[PDB]
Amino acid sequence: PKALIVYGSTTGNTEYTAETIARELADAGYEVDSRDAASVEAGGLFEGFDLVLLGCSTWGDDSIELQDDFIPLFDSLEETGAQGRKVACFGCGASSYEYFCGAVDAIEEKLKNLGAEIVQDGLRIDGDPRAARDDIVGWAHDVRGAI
């Protein structure tokens, strides 16, 4: 299968999660294209992919704000070709906050409204992702079994 991973990361935690997920998928034989949201054009972005994984950290002071580089893509998500596309979301946040990983919920809700097929509920990491390696690995295994 061919998967696309697009991540929005300010301090590199969601980028480290995206790289862990990319290796799990490549180790199982998938074809994997991993891109920073900062380098991406929304226009037909998901075209030709069997699975699309979107990663984004949460910002703002209990007023959800998406990671800076991901904003433009979220704004033009209606142009990516998400209708009928198998997708799943992930991101890093702080479980202590009002909207823990609220950017993962917001992205899932728009994808749902755009006709995408959410194959798995979003992976929401608390704290340092390097300490949540087994959950990341376990979530990537489950998405593979869900497509």
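The first residue of the sequence shown is number 1, and the count goes up from there.
Of 6-14 and 127-135, the one with larger mean CA B-factor: Comparing 127-135 with 6-14, the higher average CA B-factor belongs to 127-135.
Stretch with the higher entry mean CA B-factor, where the candidates are 108-116 and 35-43: Higher mean C-alpha B-factor in the PDB entry: 35-43.
C-alpha B-factor winner, where the candidates are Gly60, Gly29, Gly93, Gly81: Max CA B-factor in the entry, restricted to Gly60, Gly29, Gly93, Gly81: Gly81.
Where the record places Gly48 (Cα B-factor, split into thirds across the chain): Within its chain, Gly48 is a highest-third residue by C-alpha B-factor, going by the deposited values.
Chain thirds of CA B-factor: placement of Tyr97: Highest third.
Within-chain third of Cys56 by Cα B-factor, per the entry: As the PDB entry reports it, the C-alpha B-factor of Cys56 lands in the lowest third of its chain.
Entry-reported Cα temperature factor of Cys89, expressed as the chain third it lands in: It falls in the middle third of the chain.
Chain-relative CA temperature factor third for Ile64: It belongs to the highest third of the chain when residues are ordered by C-alpha B-factor.
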